[PDB]
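K.L.:
Before I ask anything, let me first share the structure, which is written out below as C-alpha cells.
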Amino acid sequence: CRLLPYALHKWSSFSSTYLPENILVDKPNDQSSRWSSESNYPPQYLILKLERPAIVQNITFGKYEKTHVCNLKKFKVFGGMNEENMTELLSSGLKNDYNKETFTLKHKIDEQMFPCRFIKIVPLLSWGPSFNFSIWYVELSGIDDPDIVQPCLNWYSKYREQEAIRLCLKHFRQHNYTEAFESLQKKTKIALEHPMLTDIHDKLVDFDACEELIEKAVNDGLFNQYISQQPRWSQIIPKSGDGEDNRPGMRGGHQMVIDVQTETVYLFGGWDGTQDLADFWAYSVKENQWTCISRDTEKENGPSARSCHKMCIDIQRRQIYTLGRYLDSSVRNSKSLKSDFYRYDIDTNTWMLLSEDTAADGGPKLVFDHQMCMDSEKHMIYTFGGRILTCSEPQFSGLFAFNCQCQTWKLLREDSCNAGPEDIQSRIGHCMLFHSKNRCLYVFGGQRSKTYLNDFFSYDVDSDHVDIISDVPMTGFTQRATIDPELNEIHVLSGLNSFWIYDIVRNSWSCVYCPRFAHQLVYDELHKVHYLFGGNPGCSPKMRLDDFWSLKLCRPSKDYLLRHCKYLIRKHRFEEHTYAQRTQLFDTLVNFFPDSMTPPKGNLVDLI
Amino acid sequence: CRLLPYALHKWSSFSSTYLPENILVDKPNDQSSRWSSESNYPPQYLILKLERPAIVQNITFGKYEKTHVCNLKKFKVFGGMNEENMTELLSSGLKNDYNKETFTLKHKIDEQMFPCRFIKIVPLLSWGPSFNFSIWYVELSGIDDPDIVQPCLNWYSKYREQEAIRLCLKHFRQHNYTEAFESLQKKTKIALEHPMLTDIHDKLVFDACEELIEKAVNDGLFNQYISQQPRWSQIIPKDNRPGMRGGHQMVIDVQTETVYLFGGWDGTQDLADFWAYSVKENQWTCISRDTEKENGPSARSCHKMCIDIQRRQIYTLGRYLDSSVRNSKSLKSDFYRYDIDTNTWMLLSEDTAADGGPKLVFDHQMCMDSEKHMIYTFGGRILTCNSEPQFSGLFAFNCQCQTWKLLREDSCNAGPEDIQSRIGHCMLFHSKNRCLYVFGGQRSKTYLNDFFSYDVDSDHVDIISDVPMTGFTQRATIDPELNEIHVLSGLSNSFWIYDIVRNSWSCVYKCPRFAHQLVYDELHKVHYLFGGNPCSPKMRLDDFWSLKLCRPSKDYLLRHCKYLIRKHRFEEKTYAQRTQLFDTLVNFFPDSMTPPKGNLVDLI
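Residue numbers (the deposited numbering), protein chains in the order written: chain B, 13 to 217, 221 to 245, 249 to 258, 261 to 411, 421 to 500, 509 to 533, 546 to 562, 582 to 606, 609 to 646, 702 to 733; chain A, 13 to 217, 222 to 245, 249 to 257, 265 to 412, 421 to 500, 509 to 534, 546 to 563, 582 to 605, 609 to 647, 703 to 733.
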C-alpha cells in the first residue's frame, strides 16, 4: 500500500489561484492550496496520471483546517488504463469536517485485481449547493510494483482475447463459413465451450435423438435457472350443520405445516379473537375433505389451548414437534411459564409431553412468536428468537438446538448484539428457514424491540459458522416465509399482501405480486403450491377469518419445458441452407441452458 | 497541543470481553480491542479520567479496519472536573467508515478556556439501531501544562465567586439586612449594578428621581429592552390613483414623508408613470404619465432604484427586457438620475457597461450611502441577446465623481473575501455600521440561505451564516434606529425580524401575492406595501396598505415608567414598596447594565 506519485494530466476547468496542481500539496493551513472548478456543473472532471500503471486501492482526501462549503458532498471516481476506457470505482461523499478521509476504490472485478493509469475525479455536488467544487489534496495509495501489476494486466488482456475468440467462433458457427475455423480455434485449445453444448453441436452436424440429451438436462436441473428467470389463486371449498362443523373454525395465529410425502396438512391451536383453541385438524391435498383429529387435545394428554406458538414436522420420521405458548400477566405464573415441549406421532396418533420444561434441561425458555426448524438429515430442532416470557429490559432467546436422537438441549449461540466475528442477534417476528440443500439456517425480518430489523444472514448447522448476507425485501407488520430447496429460493408473503422471491445463488430480491394478518402459510416444493389459511382481517377491534387460499407458482415445470422442446423439434421434423435453418431450433433450445455454460449472447453483426 | 494521558474511571455497562480498557489502545486489526455497551438503552455511557486536570480541545475516535454496524451513528460528549456535574461539549455522529476521525469539543465560553478532568462519552444511536453501542479507541488532545490550565481554573473560580457574591449582595439589598453590606463589594471592588444604576438606587432609597431615569432612557440604553418586547391598515387615496402593476419600484422619503412610485408591468404592457404620494395629505399625486417625455427612462418593469434624502434624487439602473426584444443595441445598461427637487430627469449613462459599470441586469439590488454619497449595486443576472447564466458581482458608482468601480467580482469559490452573486436576494445598507447586509437570494434555480455582511470602508467580508428558507418574493429593509432587519415573504403573509446586536431571527405575525413592493420607515415607523400580483396571468393586486409593527416604543415605555412612578408616589402619600418598584423598573435596563437576575432565596 505504498504511496503512488501522480501528475495532473488534464483539468476540465480551474479558477484563479486554484490551479489543479495544488492537490499535490497537503497544506490544510492554506485555503489557496486547493483546486477549484470554474463553475458548478456536470462537466467538471479532473484527470490525474500516474507515473506508472498501478492497482490503486485507496484514495485519501484532505480538507481545510475548518469546514468549507466547497467540500465535495457527492463525487465519483473512475479508473482506466486509457483516458477513454473509464470505469467507475467509488461514488461516495466527503465529509464537511477537516478529517483526512480515505476511501477504498473498487480495484477487484470477479475477485481479480485490475490496474489503472488515469484516475478521473468528477465532483457531483458540493456541500454548498451553489458553490464550486474544490479539492485540497489527493493521495493515491496502491500496489505500484511491476511484478504485481504486469501479471494482472496480462491476465486481463488474455481474458479479452479469449472473449473475442469465443465471439468469433460463435459467429463462424452461426454462419458456418468453414469448419476449418474450429481447427484454427483448436490450436490454442482455449475456445472450446462446455462439452454439454458440444454434444448438442455435434448432434446438429441425430435430429430426434437430441431429446435424450435434453432428458439429461432435466435430470441435472440445468434449466432450473431459466425456470427461475420466468401465479394462480384458488379459494378451496371444503368437500361435503356441516357448513362449519366439517372444517376448522375461524382462528388467528395458529400453526400448521404441510406433509410433502403424505401430501397432507395439519392445523393445531389458534385464536378466534374470543377464546384460545386447542383443536387439532388434518386436511388432504388429494381432496377438499377436512377431518378433525380431535376437538380438544388437552384431554388427550396433549398441548392445551395456545396461540402464537410454533410447530414443525419431520417427513422422514413423520414426527410433529411443538413448542411455545403466548400468555398474559394475569395467566403467567411460576408453573405457567414453563417451556413445555411436545412430540406427536401421526402414524400412531399419540400425544405425549416430550419435556415439561426445556429451560430445566438447559433448553430455551418459554418464548412466543419464535421460530423453529427441524433438520431433515440429523433431525435437529433448531429454535431461534422469540421474546422470553416472564412475570424490565426485553430478553430474546438465542439460537438453541435440540437432539431428537438423544433428547438433549444445547445453546448454539446467545443474543449477542455486539456484532462479533460470529454473532447472531435474537429477534421476534422474524422468518427463519433451514435450506437443507445448502444446509444453511437462513433468517431475516424480525423486530428487535420494535426496531423493525432488516438484517439477513445464513448460519451453517454443521460448520457452526454464521455468514452475514445483508447488514432485502419490503418489511411488513407480519411476514411469513417458505423454502424451496429444489429451486433454492425463499418465498415471503407480507401481512397487513406483497409477495417476494429471490434466488440463493444470485442473491437478488424481486417482487412477483385477500388481506390477512397473523395468518399461516405452508409450502410444498414438489407440488409447487403454497397454502394460506387463517389470519386476522384487521369494523370492530376484534374479528376472525377462515381463509382457504392456495397459490400456484407461475414458473414452468421441467416437464413442461421438455414437452415444449419436443414439440419444437417435431415441428421441424414434420417438414423434413437447410442446415442453417435447422440450426435455429438448436440455437433457441440452447437459450434454455444456464448462461454460465452457454456460448456468448452477442453477435458480431450486432456489435459492428 | 499534545496527547493527554487518561484512565478509565466508570462504565455504565460492558458486554463480554469487550472491557472498557480496550479503548486505551488503538488496534483496528483486532475487533475485540474495543468497548461495547451491554445494551442500547438511555443509561449507557462511559467516563474517562485524565492523569491531571487539563484543557481538552479535540477528541480523536478510532475505527475498525472495515465498516462496522456498532459504530456510533450519534453520540454526545460531556466535560467536567467533578463527575457529579458535567457540561456538554460535542454532539455529532461517527461515520460508518474505517478512517480515524477527530472532533473539536466545545471548550470555550466567550474567549475563555474551560479545563476538564472527567470526560463522559454517551452514545445515543448506532448505525444498526438493534445493535448496541461500541467504541473502539479514543484519544484526548489539548493543553495539559499547568502554566495554562491553572490560570484558567483560577479565573473560573474567581468568576464563580464573583457571581456568588453578586447574588448574596443582591439578596442583602433586597432584604436590607445591613447597611454595611457594601463593604463586601469593596472587598471585590465590583458593584452588582452599573454606576448609573447604583446612583438611581441610592437616590430612590419621586419628582426628581424620575428625571434620573428619564435621562438614561433618552440616552438610548433601553433599545435592547424595547426590542425584547400586526397592525395592517389598508389605506385608500383621497381618478387620481394608480393602476394594477407588478414588478414596479417604490421608495420612501421619511424626512419629506412621502413615497415615490415608478414603473411596473400591468400584464398588458409596461408602465412609465411616476407618482408621488404624500402620507400627510393622503393624496396619490401624479408627477408624470411618461418619464421619457421629461428626459426620463422608458416604460419597463423589474428594475431597482434608491432615494437620497439629503439630495432628493433618485438613481435608477437595470431593467428587464423580453428575450424576443433582446438585442445588443437594446440591452445597454441604462442608468438614469432624477431630481425630484426640480422634477427633471437626466441620463447618467446610456450604457454603464462601457463606462465600467455592471451590464444590464434584472432582479438586482441597490443601496445608497449619503455619508460618502456612494451607491452600491449587487446581484442581478446579466441579460444577453439570444450558456451558463452569469451573475454580476458587487459594484460601486461615484455619485459625485461619476465613475464606476468594482469592489468584489462574482466569486463562487468561497474565498476568504469572496461574495457570491445572486438574484432575488435582499441587500441593505446599515449606515450606523457603514456596511451592507446581504441575505437570501437565488442562484441558477438554487435557493441561497446564506447571510453575510461586507464593510464598505474596511472592505472586509464577514460570513454570518452558511429561519426563513425558500422564501420567494422576500422584501426586507433595515432600521438602524432599532437596528433590526424586517423581512416580508410571499408565495412563489409570513413576516420575520432580525436583531443584529444579538444576531437573532424572530418570528412576528406568522395578503397573498408576489413580486410586490415594500418600503420601510424608521422615523414614523410607517411601512407601505404596494403592488404584487397573486389564477390568471392578468390578475394583479395594487391595493395600498400602511403596514405597522404592534410593539411598545421608547416614548411609550418612558410614559409607562412615568405613570408607574406617579402611582407609586401617590401610594406613598415598611418601605419595601419603593425597593420593589425600583426592582421592577430595573427590568427595563439591559442585561449587561442590570443586576444579576433572581434572588438568593430562589436557590436556597
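No residue lacks a Cβ here, since even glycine has one placed at the ideal position from N, Cα and C.
Assign B:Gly-427 to one of three DSSP states: helix, strand, or coil.
P.N.:
Three-state DSSP puts B:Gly-427 in coil, outside helix and strand.
K.L.:
Does the beta carbon of A:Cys-446 sit closer than 7 Å to a beta carbon anywhere in chain B?
P.N.:
yes
K.L.:
Please decide whether B:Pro-32 counts as near chain A, where near means a Cβ-Cβ distance under 7 Å.
P.N.:
The beta carbon of B:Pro-32 sits no closer than 7 Å to any beta carbon of chain A.
K.L.:
Touching or not, the stretch 283 to 290 of chain B and the stretch 302 to 309 of chain B, by the rule of three or more beta carbon pairs under 8 Å?
P.N.:
yes
K.L.:
Under three-state DSSP, which class holds B:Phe-463?
P.N.:
Correct three-state label for B:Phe-463: strand.
K.L.:
Identify whether A:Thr-723 lies in helix, strand or coil by the three-state DSSP scheme.
P.N.:
coil
K.L.:
Looking at chain B, which residues of the stretch 437 to 464 of chain A have a Cβ within less than 9 Å of any of its Cβ atoms?
P.N.:
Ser-445, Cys-446, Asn-447, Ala-448, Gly-449, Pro-450, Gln-454 and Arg-456
K.L.:
Going by DSSP, what residues sit across from A:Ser-138 in a beta bridge?
P.N.:
A:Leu-84
K.L.:
Can you tell me whether DSSP reads A:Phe-711 as helix, strand or coil?
P.N.:
Helix at A:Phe-711.
K.L.:
Nearest by alpha-carbon distance to B:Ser-24: which of B:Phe-404, B:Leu-102, B:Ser-51 and B:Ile-550 is it?
P.N.:
B:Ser-51
K.L.:
Check each residue of the stretch 138 to 150 of chain B: if its Cβ is closer than 8 Å to any Cβ of chain A, include it; give the result in chain order.
P.N.:
For chain A, the residues of the stretch 138 to 150 of chain B that bring a beta carbon within less than 8 Å of one of its beta carbons are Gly-140, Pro-141, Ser-142, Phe-143, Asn-144 and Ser-146, in chain order.
K.L.:
Quick one, which residues of the stretch 100 to 112 of chain B are near chain A if we go by CB-CB under 7 Å, in chain order?
P.N.:
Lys-107 and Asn-111
K.L.:
Flag this pair as touching only if the stretch 104 to 113 of chain A and the stretch 157 to 176 of chain A have three or more C-beta atom pairs under 8 Å; answer yes or no.
P.N.:
no
K.L.:
List the residues of chain A that B:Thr-480 touches, going by C-beta distances under 7 Å, in chain order.
P.N.:
Going along chain A in sequence order, the residues near B:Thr-480 (Cβ under 7 Å) are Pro-141 and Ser-142.
K.L.:
Taking 8 Å as the cut-off, does the stretch 380 to 399 of chain A touch the stretch 455 to 463 of chain A (at least 3 CB pairs, one atom from each stretch)?
P.N.:
yes
K.L.:
Would the C-beta of B:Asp-616 count as close to the ligand MN, meaning under 6 Å from any of its heavy atoms?
P.N.:
The ligand MN is not among the ligands present in this structure, which contains no ligands whatsoever.
K.L.:
Hey, does B:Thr-114 have any beta-carbon neighbour from chain A nearer than 7 Å?
P.N.:
yes
K.L.:
For the stretch 153 to 165 of chain B against the stretch 73 to 82 of chain B, do three or more pairs of beta-carbon atoms, one drawn from each stretch, fall closer than 8 Å, so that the two count as touching?
P.N.:
Segments in contact, no.
K.L.:
For B:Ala-430, which residues of its own chain have a beta-carbon under 7 Å away from its beta-carbon, when the five flanking residues on both sides are left out?
P.N.:
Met-400, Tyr-402, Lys-439 and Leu-441
K.L.:
Nearest by alpha-carbon distance to A:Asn-144: which of A:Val-161, A:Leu-62, A:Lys-182 and A:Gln-56 is it?
P.N.:
A:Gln-56
K.L.:
Determine, using beta carbons only, whether A:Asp-592 and A:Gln-253 come nearer to each other than 7 Å.
P.N.:
For A:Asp-592 and A:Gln-253, no; Cβs fall outside 7 Å.
K.L.:
Decide if A:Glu-123 is buried, meaning its Cβ has at least 16 other Cβ atoms within 10 Å, or exposed.
P.N.:
exposed
K.L.:
For B:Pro-724, tell me which candidate among B:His-183, B:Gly-105 and B:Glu-96 has the shortest Cα-Cα distance.
P.N.:
It is B:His-183 whose Cα lies nearest to the Cα of B:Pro-724.
K.L.:
Which residue wins for smallest C-alpha separation from A:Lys-61, given the options A:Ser-44, A:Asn-108, A:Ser-499 and A:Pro-127?
P.N.:
A:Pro-127
K.L.:
Could you check if B:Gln-454 is buried or exposed, using at least 16 other CB atoms within 10 Å of its CB as the buried criterion?
P.N.:
buried
K.L.:
In this structure, does DSSP put A:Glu-173 in helix, strand or coil?
P.N.:
helix
K.L.:
Please report the straight-line C-alpha distance between B:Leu-632 and B:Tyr-241, rounded to a whole angstrom.
P.N.:
Going from the Cα of B:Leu-632 to the Cα of B:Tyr-241 covers about 13 Å.
K.L.:
Which residue comes first and which comes last in the beta strand (DSSP E) that contains A:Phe-73?
P.N.:
58 to 73
K.L.:
Strictly by DSSP, which residues pair up with B:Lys-120?
P.N.:
B:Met-125
K.L.:
Hey, is B:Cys-560's beta-carbon within less than 7 Å of any beta-carbon in chain A?
P.N.:
no
K.L.:
Taking A:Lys-88 as the reference, which of A:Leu-106, A:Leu-594, A:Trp-310 and A:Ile-212 has the closest Cα?
P.N.:
A:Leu-106
K.L.:
Could you pull out every unbroken alpha helix (DSSP H) segment of at least 4 residues lying fully inside the stretch 280 to 340 of chain B, listed in chain order?
P.N.:
none
K.L.:
Do you know how far the Cα of A:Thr-378 is from the Cα of B:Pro-40?
P.N.:
42 Å
K.L.:
With DSSP as the reference, label A:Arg-468 as helix, strand or coil.
P.N.:
coil
K.L.:
Which whole-angstrom value describes the C-beta separation of B:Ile-639 and B:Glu-226, a residue pair presumed to lie in contact below a C-beta threshold of 8 Å?
P.N.:
7 Å
K.L.:
In whole angstroms, what is the alpha-carbon distance linking B:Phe-222 and B:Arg-643?
P.N.:
8 Å
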